[PDB]
Amino acid sequence: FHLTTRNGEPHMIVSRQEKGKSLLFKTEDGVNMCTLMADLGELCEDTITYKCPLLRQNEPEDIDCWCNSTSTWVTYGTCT
Amino acid sequence: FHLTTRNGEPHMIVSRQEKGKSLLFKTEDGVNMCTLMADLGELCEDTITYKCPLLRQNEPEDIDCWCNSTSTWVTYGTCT
Amino acid sequence: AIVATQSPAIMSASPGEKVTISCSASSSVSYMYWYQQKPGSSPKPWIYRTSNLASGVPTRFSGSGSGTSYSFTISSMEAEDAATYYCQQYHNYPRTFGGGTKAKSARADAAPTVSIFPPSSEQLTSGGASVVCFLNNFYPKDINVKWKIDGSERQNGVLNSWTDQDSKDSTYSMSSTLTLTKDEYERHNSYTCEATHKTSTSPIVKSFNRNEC
Amino acid sequence: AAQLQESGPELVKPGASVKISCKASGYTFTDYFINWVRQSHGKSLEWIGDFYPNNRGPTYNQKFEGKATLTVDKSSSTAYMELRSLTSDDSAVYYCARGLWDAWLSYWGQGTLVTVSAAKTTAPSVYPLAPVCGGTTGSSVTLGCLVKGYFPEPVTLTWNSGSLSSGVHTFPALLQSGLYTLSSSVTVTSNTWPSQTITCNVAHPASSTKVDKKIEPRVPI
Amino acid sequence: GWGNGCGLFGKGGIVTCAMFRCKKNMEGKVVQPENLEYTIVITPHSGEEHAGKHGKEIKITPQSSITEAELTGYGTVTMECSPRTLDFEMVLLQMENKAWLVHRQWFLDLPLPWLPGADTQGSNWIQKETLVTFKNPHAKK
C-alpha cells in the first residue's frame, strides 16, 4: 500500500493484493499495525475513504478497520 | 479456522482474525488454497454458509470465495 | 501555507525562573512540536503533538495550547536549558518552523569597557583604514554604537560582531569596526564611537584626534 | 538504534551543484518520511522537502522548489538531496530528519555544512592594534589584533602563543566583500605591557601561514 | 462506543460525501412566440420544366419588417405576415434529440437533480439526493 497523509494523519491507499494481510508502517511512536477486515477490491474510480480508529484493549464493534498505535485513514477501491 | 465437513465435503468455519489471509488446508489431492474476499465479521448467531467453487485458470465472476484444488464450503458470522 | 510566529525572538532568564514561549499559527493545526537546539548540536525533539513530552525529556518542559495558540513552558529553568527552542507545524504540507526563541542566561547589569583603536601603521599602507572599538564584558546584550568622523555620523562601512554569552561570567562583548578609505581617513582628525547602553543615562564616548599624542 | 548519517562538509563554487547523502539505519527505511532542513548561520531552521521512500512522493517548500531535488535509494536505505545553481545564500547546514506518522522530526542527522564561495584561498593581513598614542588612563590596558581579508575559515588566533588566554575576546568572523575579517582584544594590567611583550599569532591552515605581530606603542607623527 | 474508539457509549455525529458526476441529462426549453422563424416559398406559376427553378425561399420572424422578395425575371413581391393564432405557459423537454411539449410546474416539480438554464459548468447540481441513497451508517463508514 501507498503511505501518504490526510491533514497530518497517516493515510493508507490499499490495493487488492493486500486483502487479508496485516498492514504495518513505522511511525515516530513506534510501529503501527492496522487491521483491514473490509468489499475490498481493485483500486479504481469507485473508492471509499474512512478512518481506522485506535483501539487499546477493547474489542472492535461495528467496524472493519482499526489500528493499535495511531489512528489511520484508509482508502481502497471496490471494483473487481 | 476450524476445518470440519458437510456431506463428505470440506467445510471452513472462518473467524474474524482471518479476514484478508490465504486459507490453506491439506487434502489427499495435495494442498488446497481457498481465497476469501467476503461482510466477514465476528463468529456469532448470524452466520452465513455457502460454497467456494473450484476455479482452474478462469477469472472469478460474481463470487467472493473460491478454492483452486477442491471445492469447499465456508461459514462465517457477520457480527461486529 | 501556514506561518508559525514565535513570540520572544530572544529571552533573558536566570536559573529557577519560569519561562514561557508562544508560537501562533496562521490557521488551526493540532500537530506542532517544540525542538531544542544547542550551540554545536542537532535539534532534538522535546514536545510532540501539542502536549506530549518526548521520551528522555525532563518533566520541567510542558506544552499546551489549541486553536492556533501554542505555548512551551519551562517550569524552573536549569543551566542545561539554555538554547534555542523551535515550534513546528506538521498538519499541512509545507511543514513550517517558527523563527526560533533564544533563551540565554542572565545577570546583574554591567557597563561595557570601551577602547578605541586607530588604524595600524601597517594597515595604512593598504589604502583602507579600520577604526576599531571594543565594547567588552557588558550586560544586557542590547547595545547601540554610533560612529562619528569630525562630528558627522557615519553609518556606511560599520561592521559589528558579538561574542556568544560568556560561559563563565554571563557577559557579552562586541567589536565595532568603521572601515573607510585611507584617503578619507587622513582628511579628518576626530574619530568617535558612542555606546548607548542601559547602564548609563548618556552613551559612553571614546574618541581620539588622529594627529595627537 | 535509529541513526541518520549525512555526507561530510562541502565547499563549492557559485553556479555549482552539490549532492548530500543521508544513510538511515536501525529502522524500516520505507516506513517513514525523510525531511531536509536548511539552517543558515545565525538564522532559524527552514523546512525543505519530505520524500516518502515507499512511493517516492516529494513535497517541497515553495521557497526551495527549483533549488532542491530529493531522491531515495531503497536498496541502500539512503536519501539524497541535490542543490542546484548554488549561490552565497545557499551556505548553510542541511539536516535530514525522519518523521514518525505526523510531520514530527524525531531523529536528526549530524548536519552537512555547505559553503558557497568564489573567493580564492587568501592568507589574512594581520594588524597589531596598540592603544591610542600616548596611552590610556587606568590600571588595565586593552590591545587588539585585526585579521582582515582571508579565505576560507578558519583562522586560529592566540596571544603570546596561547600563554595569554585570560582577558581575551576573539570575535566571530564576518564577510567583507567575499573575504573574512575578525578581531581579538586582550586586556592585561598596565604593569604587564608594554614592559613585557604581547604578540598576536594568527595561523591560517588553508594557506599554511602563521604570522606573529608584536603590539608596539604608537609614537607621534 | 468502546468498540470503535469512543470513551462513551451513545449517538455520535457522522457525515458522508461522494462526488456526483452526471452522465446523461435532459433539458427543457421555453419557446417565445417571437424568435419563431417561418419559411415560405414563393413559386412563379409559369409551367416551365425541370424533372434550377426553385421558388424564392424567404424566412421571417414576427419581429422582422415587411419583406421584399425578388423573383428572378418578374421583379419583387412585397409581403408582411403575422403569426395570427400556438401557445408557449408550456415547456419543451429534450431527451437526446427527441422532444415533447410539457406543461410548466410539472417540469419544475420533477424530482431530479438540476441546474439553472444559464449554466455551462454542469457540475454544481441542485438536489442530488434525488438520485442518491445513503444507507444506514456505521460507526466509521
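Thresholds, definitions, all that
- Residues numbered from 1 in each chain as written, not as in the entry; some residues may be left out.
- Chains lettered and ligands numbered in written order.
- Part of a larger assembly, values for the part shown.
- Heavy atoms only, no water.
- Residues with missing side-chain atoms left out of burial classes, pairs and counts.
- Helix = DSSP H or I, 4+ residues; strand = E, 2+ residues; numbered from the N terminus.
- Rg over C-alpha atoms; globule rule 2.2 N^0.38 Å.
- Contact = heavy atoms within 4.5 Å.
- Pairing = 2+ DSSP bridges.
- Axes fitted to C-alpha atoms, helices over the stretch in contact; angles between N-to-C directions.
- Nonpolar A, V, L, I, M, F, W, Y, C, P; charged D, E, K, R; others polar.

Trainee: What should I look at first to understand the overall build of chain E in this one?
Mentor: Scanning chain E from N- to C-terminus turns up zero helices and seven strands. For chain E, the succession of helices and strands along the chain, N to C, is β-β-β-β-β-β-β. Over its C-alpha atoms chain E spans a radius of gyration of 29 Å, topping by over 25% the 14 Å that the globule rule assigns to 141 residues.

Trainee: How should I be thinking about the overall build of chain D in this particular structure?
Mentor: In terms of regular secondary structure, chain D is built from zero helices and 18 strands. When its C-alpha atoms are laid out on the principal axes, chain D stretches across 75 × 35 × 30 Å. Considering only contacts within chain D whose residues lie at least 6 apart along the sequence, 55% involve residues at least 24 apart.

Trainee: Which parts of the structure should I look at to understand the pairing of strand β3 (residues 34-40) of chain D?
Mentor: Where a strand is regular, its side chains alternate between the two sheet faces. Residue and element names in this part refer to chain D. Across six bridges, the pairing between β3 and strand β4 (residues 45-50) is antiparallel. Across the sheet, residue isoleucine 34 finds its bridge partner in β4, namely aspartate 50. The antiparallel pairing of β3 with β4 creates a hairpin that spans four residues between the two strands, and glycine 42 there sits at a positive phi of about 70 degrees. As judged from the two bridges shared by β3 and strand β7 (residues 92-93), these two strands associate in the antiparallel manner.

Trainee: Help me out: how do you make sense of the sheet that holds strand β17 (residues 190-196) of chain C in this one?
Mentor: All names here are of chain C. On the basis of which strands lie adjacent, the open sheet formed by four strands has the order β14-β13-β17-β18 and antiparallel pairing. Edge positions in the open sheet fall to β14 (152-154) and β18 (204-209), since each of these has one partner strand only. Looking at each pair of strands side by side, their axes are set apart by 25 degrees on average, direction ignored. Both strand β13 (residues 144-149) and β17 contribute to a ladder of six bridges, which runs antiparallel. Residue pairing across strands places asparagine 144 opposite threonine 196, the latter belonging to β17.

Trainee: Help me out: how do you make sense of the sheet that holds strand β18 (residues 209-214) of chain D in this one?
Mentor: Within a sheet, neighbouring strands are paired by backbone hydrogen bonds and run either parallel or antiparallel to one another. Residues and elements named next belong to chain D. Strand order in this open sheet of three strands is β13-β17-β18, and the pairing throughout is antiparallel. If you trace the sheet from one side to the other, it starts and ends with β13 (156-159) and β18, each paired once. Adjacent strand axes in the sheet meet at a mean angle of 15 degrees when their direction is disregarded. Bridge count between strand β17 (residues 199-204) and β18: six bridges; the pairing is antiparallel. Note that in β18 the partner of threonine 199 across the bridge is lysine 214.

Trainee: Honestly, the interface of chain C and chain D in this entry has me stumped. Any pointers?
Mentor: Interface extent is often summarised as the accessible area lost during association of the parts. Contact residues are listed per partner, giving 21 residues for chain C and 21 residues for chain D. Secondary structure elements with two or more residues in the side of chain C that touches chain D: β4 (43-48), β11 (113-117) and β15 (158-162) of chain C. Looking at the side of chain C that touches chain D, the element that brings in the most residues is β11 of chain C, giving three residues. Counted by class, the side of chain C that touches chain D contains ten nonpolar, nine polar and two charged residues.

Trainee: Can you help me understand the interface of chain B and chain A in this one?
Mentor: Listed per partner, the contact involves six residues of chain B and eleven residues of chain A. In terms of residue class, the side of chain B that touches chain A is built from two nonpolar, two polar and two charged.

Trainee: Explanation requested: the arrangement of the chains in the structure shown.
Mentor: The interface with the highest contact count, out of five pairs of chains in contact, is the one between chains C and D. Between chain D and chain E there is no contact, and the shortest C-alpha to C-alpha distance separating them is 19 Å.

Trainee: When you look at the pairing of β17 of chain C in this model, what are you seeing that I'm missing?
Mentor: Sheet topology places β17 of chain C next to β18 of chain C; six bridges connect them, and they run antiparallel. Across the sheet, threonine 192 of chain C pairs through a bridge with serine 207 of chain C, a residue of β18 of chain C.

Trainee: Just checking my understanding: could you explain unusual backbone geometry for this structure?
Mentor: In terms of backbone geometry, most residues other than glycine have negative phi values and most peptide bonds are trans. Following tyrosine 139 of chain C, the chain continues into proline 140 of chain C via a peptide bond in cis, with omega recorded as 0 degrees. Looking at where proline 140 of chain C falls in the secondary structure, it is placed in the loop between β12 (128-138) and β13. Of the consecutive residues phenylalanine 151 of chain D and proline 152 of chain D, the connecting peptide bond is found in the cis state with omega at -5 degrees. The phi angle at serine 66 of chain C is positive, at roughly 150 degrees, despite the residue not being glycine. Within the secondary structure layout, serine 66 of chain C lies in strand β6 (residues 61-66).

Trainee: Help me understand the environment of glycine 127 of chain C, please; the structure alone is not making it clear to me.
Mentor: Tracing the backbone through its elements, the reader meets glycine 127 of chain C in the loop between β11 and β12. Among residues more than four places away in sequence, those in contact with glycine 127 of chain C are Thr181 and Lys182 of chain C.

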